[PDB]
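Enquirer: First the structure, then my questions, so here it is.
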Ligand SMILES: CCCCCCCCCCCCCCCCCC(=O)OCC(COC(=O)CCCCCCCCCCCCCCCCC)OC(=O)CCCCCCCCCCCCCCCCC
Ligand code: HEA
Ligand code: HEA
Ligand SMILES: CCCCC/C=C\C/C=C\C/C=C\C/C=C\CCCC(=O)O[C@H](COC(=O)CCCCCCCCCCCCCCCCC)COP(=O)(O)OCCN
Ligand SMILES: CCCCC/C=C/C/C=C/CCCCCCCC(=O)O[C@H](COC(=O)CCCCCCCCCCCCCCC)COP(=O)(O)OCC[N+](C)(C)C
Ligand SMILES: CCCCCC/C=C/CCCCCCCCCC(=O)O[C@H](COC(=O)CCCCCCCCCCCCCCC)COP(=O)(O)OC[C@@H](O)CO
Ligand SMILES: CCCCCC/C=C/CCCCCCCCCC(=O)O[C@H](COC(=O)CCCCCCCCCCCCCCC)COP(=O)(O)OC[C@@H](O)CO
Ligand SMILES: CCCCCC/C=C\CCCCCCCCCC(=O)O[C@H](COC(=O)CCCCCCCCCCCCCCC)COP(=O)(O)OC[C@@H](O)CO
Ligand SMILES: CCCCCCCCCCO[C@@H]1O[C@H](CO)[C@@H](O[C@H]2O[C@H](CO)[C@@H](O)[C@H](O)[C@H]2O)[C@H](O)[C@H]1O
Ligand SMILES: CCCCCCCCCCO[C@@H]1O[C@H](CO)[C@@H](O[C@H]2O[C@H](CO)[C@@H](O)[C@H](O)[C@H]2O)[C@H](O)[C@H]1O
Ligand SMILES: C[C@H](CCC(=O)O)[C@H]1CC[C@H]2[C@@H]3[C@H](O)C[C@@H]4C[C@H](O)CC[C@]4(C)[C@H]3C[C@H](O)[C@]12C
Ligand SMILES: C[C@H](CCC(=O)O)[C@H]1CC[C@H]2[C@@H]3[C@H](O)C[C@@H]4C[C@H](O)CC[C@]4(C)[C@H]3C[C@H](O)[C@]12C
Ligand SMILES: C[C@H](CCC(=O)O)[C@H]1CC[C@H]2[C@@H]3[C@H](O)C[C@@H]4C[C@H](O)CC[C@]4(C)[C@H]3C[C@H](O)[C@]12C
Ligand code: CUA
Ligand SMILES: [Cu+2]
Ligand SMILES: [Mg+2]
Ligand code: NA
Ligand code: NA
Ligand SMILES: [Zn+2]
């Protein structure tokens, strides 16, 4: 008692919407829709910060439920530490395409 | 919370770490001077000795300055601290800010 | 009326206005103390080289600065409301007088027994008799018996006005289509002055109120001479 | 609650079409019938120039200034009464 | 794209400080003068 | 009807540097000029009317 | 090039033409009310319609044709529409307040009663009840349209949306006839004032809502919506349910309780 | 390019700059109006004309200061510049609608200037109460132009509110909760909720006034069974929330300024500050009839509104003490912005406290419609809202412009302004207690001394305003370009340099959840 005729997103989504949809299907987040899960943040196990360039701003919430976020530029090269609580971050430059 | 003794020990332990690096020295001093206290001479002692392992004479002088500064108008804290630190200052060859004239404008 | 360099309320002419003065004294003491404490504490925070810049815990101290102001508010609200309700108390007046605002003068109606009414206009500065008060005198004063409870009914025949007499503690808006009631009781004979207190156009500044409080026998003689 | 019926076994387009044709449009048809019966012009009431009605504090910005926007001569008197 | 940086993110020029002084003077002065001229207009009407 | 969304997607994604309100082609410029001409002309006209209404007219 | 999901919009003239259209409509109303002329008002109405047409055309271009409505962008537009509907509820709240203020304390000029002396209200069981069934019915048919769209059914989406629009038009024509037939007018005191300004602003919102559904109908005919992405349709349905709920409050308040 | 950039903007920083320029120009207009007021009252007698031209000036002074100076600066200017930067967002949610909120304001202002140029102006008070504002006592177009002016301003702020709420809720980094956003962002969100809910009620009220004036409705006209007091209820239902809208973004900037120049990484008691602002916003909707204690309401109603109004002192006092506790232990930097903020804390407190005096319906009988009210609200507006604006302007001017001010000149400017505002408004308490009414062009002779002093104070403030313009000129004239700023780790809006690039956060910040 029904019928079809309505395009699906898979058929008709375009542009950035389509990129986000396709990346989500691969479990990738090129457009920063999700919050990344932290590592232990030690020097051996730093948080890995992707960037399309050679530096990116990091905000670090030192203890859970701190209202104060600590912000700093992370540069390419040796891992850096959050000024407040020392947790390590390392930039991993990469093109957007995965 | 922790007693005065427990707080002092944790800070002595922090500065006495043999391979403490320059970042950790600064993080420790800059954190410490945020508290409502002038650090005990045993803490300063450990921090000056960390300066020595890091071959950083200037930060040793700076630490003496910030100890004086943290006392505000309580003018007898600094001479007591220096009195307590005098052996270490001698052993390590640390000149005081006054001795370097860095106390004058 | 107000006098040169006056700082506070006009002297109270009714028991209720005295209540308000005592209530204002109480509240202004609190205002002075809090404003001064804040000024002091600002200077106290700003005059030491001692520092403490790590995270400060806030829970304990916020009990203090919520419970203490709550108590202070209650110590203001309690006398405030008592006066509020005593103003509203049933009093059984002996006389009712109506006043109607207009642009820009007041009219008065005394219609308890006879149908007496009249208009009441500011005296222009150029017509003041010597020693009379600029912007305050009227040609026909609201003659009233002293030491008696009077019902004033207030309305308007055009835009909003407001009928005020500060030394009696009176201010009642004058709204067309509405009959607002207040109670008037003077402890003393004399002349008591007020000014229109709702913006009503070109001559809002120039439609004052002048009550003339006299002993009952004299009020009765005045009413009888209006026949 | 208070009515009756009783589906909710799984909501979908088929159920909402069923409600559209089986309950909603029949309701409209019934009310349309009811309205088509109780129509027919009532007798208009004597004009009384009440001062709280036919207010004119400024002329209307159309026509002769004295007619409301959807003036109906049969049932809307002017401040001076019904028109001819 | 657009110009960036100090003095380039604004709809007025700061290239010449004296030209700027003239612009700012016409700008703020016109706003401050207007009520005086409106009052004059109303007093002059009738 | 048939689904021509893909043709419009190609049209509006063409790399020609046009802002979206002109990317439809020449009709967009026309409609834009009409709109902006009426707005600016109407505004000037409204200024003229202010001028008129600001003084008594016998 | 961005690596967030949000929409950087091309510089656009429509904010400025919309602002100027508001200047022309308001100065236009002023000219009409006081200087017996409709010219400026007609210009402003025209530039307003042109502005809305081109602005929402661009939003369609940006989303259906260019792909800029990511889930994050759509979530923002959902919030924006809900907030907009909230502001419209509070607008109507002011007119309900005026209605209850006047009708709960009727003044002596009215006869000290409500309805006022000389006022003969419409029968709420006649056309106002029919109107109520019409708008309730359209809430059922728009919900059918919504499920048909989500189920991928083009034909029944179009049929249900067409029925919804038809009911909205029917309501509007019924209300126009009731306005003409009413024996009281907007100048009949505070009864006429509250009745026509409140139901009149409601009627305008019915016309706006129907226009929005009509846009959706033609976009659906052109295959713009997918079974999962169709926020213009969702927003027009929320707006339509708002218009239906305002009507119910009007009906109970002004037509029924107020009769 | 110039037209594309500045008339067709979709950029939150450029639109913020447009709002700051607009609001600065409006501030000059509103200052001039305030000087005309005080010139009329500066000696006894009549200077300009009767109360009509006088109260057209009063009425315009208030609308310009509130709708064209404070709200565009705080919400349009600082809000649009700072909110997206403080949450790492690439722009506002609706960057194109944002531009229409800006461009509605020059037409709104134009309509207001038109109202004062046609006929004899709208000499109504900014409250625009009928019947004085109706078509018999204010025949002609002036009041209608004023109503339309408010309609346009209202639409601008309603749409801006939708934009800010959406942006703040939807465009934070995914890891950031609402309880990790800076207090200024909170203060803008709550202000936006108040605008969203209050402005439609004002629009309904002023539309009814429009139809009473032009379509023969009688909402407010007793002859039709209407009631002038209904207009007052609808107006003040908006107008009390409006004063909290005027101060809340100021509260948010004060929190940032006091934190920054105390050398702290965070304000004292952050969750308490959020609580207090949300409590103030909520209580701000249930107190409006303290503007109507003399209209003849029942005594129980007056008792309620007295009590509910006073409650607001409790969350407000939490904020005051929390600013003090932020100073506590700080390495205080005595910057010009800090001076403005410290003056705010004290002078806002004074004005708040006389607000609590007025909350007492019994005493308000004597104080209503007198200069005591005028003194109350200019302490919170001329020394609260304006001081927060000046402190925010001096603090963030180097971020917006790339250039530094001369701090010594800015401290001079603060000192002059501080003297001027207090000399202007402190004597107005005496005038009110002793019975001088509002909205008077002239006063009985006894009131002369304090009116004279108050007018002299208004000239000192004018000197400060003129000096401010010179100070801004000198910074753009000298072009000292910013290098480095301290405390960027807790002040994200500075971390893209001064001025930040046109597009910021094209690559968003990285914040993980753990
Ligand atoms: C407060 C804002 C700053 C204001 C700065 C300017 C004002 C100076 C600070 C002012 C000095 C602080 C004390 C207030 C002085 C008021 C004079 C008075 O006797 O008040 C009398 C009452 C009515 O009282 C009476 O029934 C009169 C009975 C006694 C009369 C005796 C006659 C001779 C007395 C001489 C007094 C002459 C006063 C002339 C005064 C002329 C003023 C131009 O009037 C009133 O309520 C007016 C008050 C309105 C409520 C606001 C109070 C908030 C400020 C408190 C903190 C200030 C901290 C220092 C101040 C710190 C500043 C950083
Ligand atoms: C920024 C603008 C602003 C702000 C924030 C306020 C805040 C307050 N206002 Fe007012 N007000 C106006 C602007 C403002 N006002 C305007 C413009 C008018 C006139 C409208 C017109 O008629 O044109 C007006 C009029 C007005 C009136 C009507 C007076 C009348 O017309 O007769 C009242 C009455 O209650 C009132 C009360 C208050 C109160 C109680 C507050 C409170 O929010 C203040 C709370 C703050 C404090 C109390 C200080 C800090 C607290 C502490 C340090 C804790 C300890 C304190 C205690 C225990 C008391 N205001
Ligand atoms: C924000 C609101 C505001 C502000 C700032 C002011 C500022 C001033 N007001 Fe205002 N006033 C009102 C709002 C305001 N007023 C209101 C609502 C009314 C009641 C209206 C009515 O009754 O209907 C009123 C009524 C009022 C009266 C009573 C009139 C009467 O009852 O007859 C008087 C009399 O002295 C007065 C005087 C002044 C003076 C001398 C100033 C001066 O302090 C102004 C001095 C200059 C400034 C404060 C600077 C101006 C700002 C800028 C230049 C911004 C710069 C820009 C950037 C940094 C980006 N005002
Ligand atoms: C479904 C059928 C009804 C559909 C809607 C019809 C039009 C409503 C349009 C908008 C309503 C807004 C203004 C309300 C004004 C009154 C219109 C009320 C609806 C109406 O049409 O009322 C008519 C009067 O119209 C009149 O005066 C003249 C109306 C024309 C002039 C309107 C001018 C006023 C515009 C003010 C706009 C303010 C907008 C504010 C927005 C601010 C947002 C923040 C009633 O006709 P009547 O002959 O008196 O009685 C019938 C007797 N047979
Ligand atoms: C009308 C109403 C008027 C109301 C007026 C109210 C005035 C209220 C004033 C009272 C404040 C009392 C607060 C006391 C808290 C003190 C806690 C403390 O003392 O600070 C410490 C923790 O601090 C922490 O998180 C917190 C550190 C201290 C910060 C506590 C709050 C600071 C409050 C500042 C208030 C400024 C003025 C406010 C306005 C009145 C604990 O210190 P200990 O030495 O034990 O160990 C530390 C050192 N070791 C290393 C030697 C172990
Ligand atoms: C979902 C609903 C959609 C809407 C459908 C329409 C429903 C209408 C309910 C209206 C009830 C209020 C009407 C009040 C108007 C006054 C009527 C009144 O007051 O009537 C009295 C009883 O009232 C009474 O409402 C008694 C009131 C209660 C009656 C309830 C009847 C329906 C119950 C349905 C319950 C469903 C469950 C709801 C919960 C989800 C009877 O006395 P009078 O008739 O005066 O006779 C005296 C004269 O003959 C001579 O002088
Ligand atoms: C006789 C005729 C008189 C006519 C008078 C004029 C009045 C009519 C205005 C009618 C409103 C029409 C609105 C049309 C909006 C079309 C644009 C649209 O719907 O845009 C949609 C986004 O929604 C969005 O912006 C949502 C945009 C929301 C718009 C809401 C409009 C309400 C406007 C009310 C304005 C006046 C208020 C009343 C004041 C008194 C686009 O996204 P999607 O749909 O997901 O598509 C993408 C998919 O294709 C991808 O697969
Ligand atoms: C007496 C007369 C006085 C008033 C005169 C009229 C004044 C104004 C003239 C208005 C002309 C409006 C022109 C069309 C406006 C469309 C706005 C819109 O639709 O804005 C949308 C956002 O608001 C949203 O959704 C949700 C909100 C949609 C709002 C639509 C317009 C409403 C305008 C009037 C509202 C008044 C308030 C009503 C309550 C009192 C889209 O935002 P953009 O930033 O554009 O794009 C974002 C991109 O990612 C889209 O792909
Ligand atoms: C500064 C920015 C302000 C923006 C605000 C808008 C203010 C515009 C006010 C213009 O005021 C008009 O100026 C005329 C001046 O030409 C006056 O004409 C008068 O003066 C003329 C010139 O001397 C005579 O020729 C005329 O007869 C005489 O009526 C006229 O009354 C007045 O209304
Ligand atoms: C390019 C973009 C748009 C720019 C549009 C510019 C429009 C300019 C049209 C000017 O025409 C005027 O129209 C007035 C009204 O607008 C007329 O007043 C007339 O209008 C009334 C109504 O029809 C009559 O009552 C009066 O007799 C009469 O003065 C007047 O004669 C005429 O000069
Ligand atoms: C529970 C909530 C948030 C705590 C958090 O999750 O960090 C906190 C933040 C501000 C707090 C409130 C404010 O500190 C003000 C009040 C302080 C009194 O001491 C208790 C009630 C009081 C009203 C507090 C109750 C509660 O502890 C609040 C509301
Ligand atoms: C043309 C289209 C067929 C689907 C397609 O284009 O492939 C069909 C499907 C549904 C149809 C519409 C719906 O059946 C609803 C309407 C039915 C009425 O007879 C009027 C036209 C009406 C609006 C129809 C027009 C047209 O025949 C539509 C629009
Ligand atoms: C002022 C407003 C009515 C406005 C009207 O005249 O239009 C009324 C409507 C409902 C009233 C409230 C409700 O009656 C409930 C409360 C009743 C108490 O006796 C006074 C406070 C109380 C909270 C009232 C305050 C005030 O009188 C309210 C809020
Ligand atoms: Cu009469 Cu003011
Ligand atoms: Cu208020
Ligand atoms: Mg009043
Ligand atoms: Na859907
Ligand atoms: Na004067
Ligand atoms: Zn950290």
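Bear in mind that the values in this text are calculations on the coordinates, not laboratory data. A quick note on method: Cβ atoms are made from the backbone with ideal geometry, for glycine too, and the neighbour counts reach across all protein chains shown.
Enquirer: Does segment G:100-110 contain at least one residue that is surrounded by fewer than 22 Cβ atoms within 10 Å (Cβ to Cβ), closer than 30 Å to residue D:30 by Cα and more than 14 Å from chain A (Cβ to nearest Cβ)?
Expert: No, there is no match, as no residue in segment G:100-110 is surrounded by fewer than 22 Cβ atoms within 10 Å (Cβ to Cβ), closer than 30 Å to residue D:30 by Cα and more than 14 Å from chain A (Cβ to nearest Cβ).
Enquirer: Have a look at G:178, G:234 and point out the one that is more than 14 Å from chain H (Cβ to nearest Cβ), away from ligand 17 (no atom under 16 Å from the Cβ), part of a helix (DSSP H, G or I) and touching a helix residue (DSSP H, G or I) at 6+ places or on another chain (Cβ under 8 Å).
Expert: G:178
Enquirer: All but one of (1) crowded, with 22+ Cβ neighbours inside 10 Å; (2) at the interface with chain G (Cβ under 8 Å from one of its Cβ atoms); (3) touching a helix residue (DSSP H, G or I) at 6+ places or on another chain (Cβ under 6 Å) hold for residue H:170; which doesn't?
Expert: Among (1) crowded, with 22+ Cβ neighbours inside 10 Å; (2) at the interface with chain G (Cβ under 8 Å from one of its Cβ atoms); (3) touching a helix residue (DSSP H, G or I) at 6+ places or on another chain (Cβ under 6 Å), the lone unmet condition for residue H:170 is (1).
Enquirer: Right, another one. Can you find even one residue in segment H:252-274 that is within 11 Å of another protein chain (Cβ to nearest Cβ) and touching a strand residue (DSSP E or B) at 6+ places or on another chain (Cβ under 9 Å)?
Expert: Yes: segment H:252-274 contains one or more residues that are within 11 Å of another protein chain (Cβ to nearest Cβ) and touching a strand residue (DSSP E or B) at 6+ places or on another chain (Cβ under 9 Å).
Enquirer: Working carefully through the options G:176, G:145, G:160, find the one that is within 30 Å of residue D:74 (Cβ to Cβ), out of contact with any strand residue (DSSP E or B) (no Cβ under 9 Å at 6 or more places or on another chain) and away from ligand 2 (no atom under 16 Å from the Cβ).
Expert: Criteria check complete, one pass: G:176.
Enquirer: Still on this model: Residues A:44, A:19: which one is surrounded by fewer than 17 Cβ atoms within 10 Å (Cβ to Cβ) and more than 7 Å from every other protein chain (Cβ to nearest Cβ)?
Expert: Within the list A:44, A:19, the selection yields A:44.
Enquirer: Condition first: more than 7 Å from chain A (Cβ to nearest Cβ), surrounded by fewer than 18 Cβ atoms within 10 Å (Cβ to Cβ) and closer than 20 Å to residue G:229 by Cβ. Now tell me which residues in segment G:154-167 satisfy that.
Expert: Correct list: G:158 only.
Rundown of residues vs (1) surrounded by 22 or more Cβ atoms within 10 Å (Cβ to Cβ); (2) under 23 Å from the mean Cα position of the chain (by Cα), yes/no style:
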residue: H:191; (1), (2): yes, yes
residue: H:202; (1), (2): yes, yes
residue: H:210; (1), (2): no, no
residue: H:233; (1), (2): no, yes
residue: H:245; (1), (2): yes, yes
residue: H:258; (1), (2): yes, yes
residue: H:277; (1), (2): yes, yes
residue: H:292; (1), (2): no, yes
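Enquirer: So residue H:175 fits all but one of (1) surrounded by fewer than 23 Cβ atoms within 10 Å (Cβ to Cβ); (2) in contact (Cβ under 8 Å) with a residue 24 or more places away in the chain; (3) out of contact with any strand residue (DSSP E or B) (no Cβ under 6 Å at 6 or more places or on another chain); what number is the exception?
Expert: Condition not satisfied by residue H:175: (3).
Enquirer: Being over 26 Å from residue H:256 (Cβ atoms) and part of a helix (DSSP H, G or I) is true for just one of H:202, H:136, H:194. Which residue is that?
Expert: Answer to the check: H:202.
Enquirer: Considering segment C:1-22 alone, what residues qualify as being within 10 Å of chain H (Cβ to nearest Cβ) and crowded, with 17+ Cβ neighbours inside 10 Å?
Expert: If the condition is that a residue be within 10 Å of chain H (Cβ to nearest Cβ) and crowded, with 17+ Cβ neighbours inside 10 Å, then C:1, C:2, C:6, C:9, C:10, C:16, C:17, C:19, C:20, C:21 are the ones that fit.
Enquirer: Quick check: is even one residue across segment H:443-462 more than 30 Å from residue C:137 (Cα to Cα), facing another protein chain (nearest Cβ under 10 Å) and in a helix (DSSP H, G or I)?
Expert: yes
Enquirer: What number goes with the only condition from (1) surrounded by fewer than 22 Cβ atoms within 10 Å (Cβ to Cβ); (2) assigned to a helix (DSSP H, G or I) that residue H:43 does not pass?
Expert: All conditions pass for residue H:43, except number (2).
Enquirer: If I filter segment D:49-66 for residues that are within 7 Å of chain G (Cβ to nearest Cβ), within 19 Å of the chain's Cα centre (by Cα) and away from ligand 8 (no atom under 16 Å from the Cβ), do I get at least one hit?
Expert: no
Enquirer: Here is a follow-up. For the subset of segment H:380-426 comprising residues that are within 17 Å of residue H:358 (Cα to Cα) and in contact with a helix residue (DSSP H, G or I) (Cβ under 6 Å, 6 or more places away or on another chain), which member is surrounded by the fewest Cβ atoms within 10 Å (Cβ to Cβ)?
Expert: H:380
Enquirer: Still on this structure: Filter segment H:212-227 for residues that are part of a loop (DSSP other than H, G, I, E, B) and facing another protein chain (nearest Cβ under 7 Å); which is surrounded by the fewest Cβ atoms within 10 Å (Cβ to Cβ)?
Expert: Ranking the qualifying residues of segment H:212-227, first place goes to H:215.
Enquirer: Going residue by residue through segment C:33-56, is there one that turns out to be outside any helix (DSSP H, G or I), on the phi < 0 side of the Ramachandran plot and more than 12 Å from every other protein chain (Cβ to nearest Cβ)?
Expert: no
Enquirer: Here are some residues: F:55, F:1. Which one is under 26 Å from residue G:64 (Cβ atoms), at the interface with another protein chain (Cβ under 8 Å from one of its Cβ atoms), more than 21 Å from the chain's Cα centre (by Cα) and not in a helix (DSSP H, G or I)?
Expert: After ruling out the rest, the residue left standing is F:1.
Enquirer: Then there's this: Against the condition more than 16 Å from ligand 6 (Cβ to nearest atom) and not in a helix (DSSP H, G or I), how does residue G:116 come out, does it pass?
Expert: yes
Enquirer: For segment G:55-77, name all the residues that are in a helix (DSSP H, G or I), touching a residue at least 24 places away in the same chain (Cβ under 8 Å) and more than 9 Å from ligand 8 (Cβ to nearest atom).
Expert: Matches in segment G:55-77: G:64, G:71, G:72, G:74.
Enquirer: Here's another thing I want to ask about it. Would you list the strands (runs of 3 or more DSSP E) that sit entirely within segment C:119-227 and hold 3 or more residues that are in contact (Cβ under 8 Å) with a residue 40 or more places away in the chain?
Expert: Of the strands (runs of 3 or more DSSP E) lying wholly inside segment C:119-227, those with at least 3 residues that are in contact (Cβ under 8 Å) with a residue 40 or more places away in the chain span C:142-145, C:150-156, C:161-165, C:190-194, C:209-214.
Enquirer: Further question on the same structure: Could you tell me whether segment G:141-153 includes any residue that is surrounded by fewer than 17 Cβ atoms within 10 Å (Cβ to Cβ), free of Cβ contacts under 8 Å to residues at least 40 places away in the same chain and not in a loop (DSSP other than H, G, I, E, B)?
Expert: no
Enquirer: Something else now. Among the residues that make up segment H:325-336, is at least one of them away from chain C (no Cβ under 11 Å), touching a helix residue (DSSP H, G or I) at 6+ places or on another chain (Cβ under 6 Å) and crowded, with 22+ Cβ neighbours inside 10 Å?
Expert: Checked against the condition, which is being away from chain C (no Cβ under 11 Å), touching a helix residue (DSSP H, G or I) at 6+ places or on another chain (Cβ under 6 Å) and crowded, with 22+ Cβ neighbours inside 10 Å, segment H:325-336 yields at least one hit.
Enquirer: Quick check, is residue G:212 more than 16 Å from ligand 3 (Cβ to nearest atom), touching a residue at least 12 places away in the same chain (Cβ under 8 Å) and not in a helix (DSSP H, G or I)?
Expert: no
Enquirer: Sticking with this one: Which one of these is free of Cβ contacts under 8 Å to residues at least 60 places away in the same chain and at the interface with another protein chain (Cβ under 7 Å from one of its Cβ atoms): F:35, F:27?
Expert: F:35
Enquirer: Let me ask another. Just to verify a result, which residue in segment E:1-24, among those that are facing another protein chain (nearest Cβ under 8 Å) and more than 30 Å from residue F:18 (Cα to Cα), is nearest to ligand 10 (Cβ to nearest atom)?
Expert: Step by step, filter segment E:1-24, then rank; the result is E:24.
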